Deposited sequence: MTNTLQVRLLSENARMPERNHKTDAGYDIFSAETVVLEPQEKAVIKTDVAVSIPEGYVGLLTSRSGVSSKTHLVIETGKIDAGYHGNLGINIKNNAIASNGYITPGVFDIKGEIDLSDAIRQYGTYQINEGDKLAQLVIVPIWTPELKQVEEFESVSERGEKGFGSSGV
């Protein structure tokens, strides 16, 4: 069995399962997005996948990025019927600077890069080609629902 991947642009990058021990496929950003404190965005990956029916994709966060930054990704559930552009549902959860601006910006590693503008402190800049998320595909059970008045089994 094989999983079809379709690159939707020149900025897209084939997801990578580097190590046979890895559970997921490394997902890359396909755009450069500046994300200020408390701001939400959907980072385009320019990647389409054709997941077979009987599975679900979990487009989810990386432990490193999650633990070292205020970038919060909401785990996306990829259906078999979705052949469109995979988006990373992200938010910069840092508190508003209320004024403090510095000539640098934070990256997904937590380190500081030189920036084109003097932007608010706690601003992250997601660069094109960044390992931003991972895709873990798991089998699903999708039976038919039967309404009963009582079950036949026993916070």
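Engineer: Could you please spell out the deposited residue ranges that have no C-alpha entry in the coordinates?
Structural biologist: Gaps in the modelled chain, taken against the deposited sequence, lie at 1-2, 157-163, 165-169.
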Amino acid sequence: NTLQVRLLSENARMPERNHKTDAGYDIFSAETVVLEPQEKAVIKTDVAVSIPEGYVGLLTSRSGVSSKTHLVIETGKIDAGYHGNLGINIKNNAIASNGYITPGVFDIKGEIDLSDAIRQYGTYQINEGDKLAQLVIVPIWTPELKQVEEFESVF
From here on, numbers count along this sequence of modelled residues.
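Engineer: Look over 115-123 and 84-92 in the entry and identify the one with the greater average Cα temperature factor.
Structural biologist: Comparing averages over the C-alpha atoms only gives 115-123.
Engineer: Is the mean CA B factor in the deposited entry higher across 14-22 or across 134-142?
Structural biologist: Stretch with the greater average CA B-factor: 14-22.
Engineer: Just grab whichever of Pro52, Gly99, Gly57, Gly129 has the top CA B-factor as deposited.
Structural biologist: Across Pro52, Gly99, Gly57, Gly129, the entry lists the biggest C-alpha B-factor for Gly99.
Engineer: How does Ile108 rank on Cα B-factor within its chain, lowest, middle or highest third?
Structural biologist: Highest third of the chain for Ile108's C-alpha B-factor.
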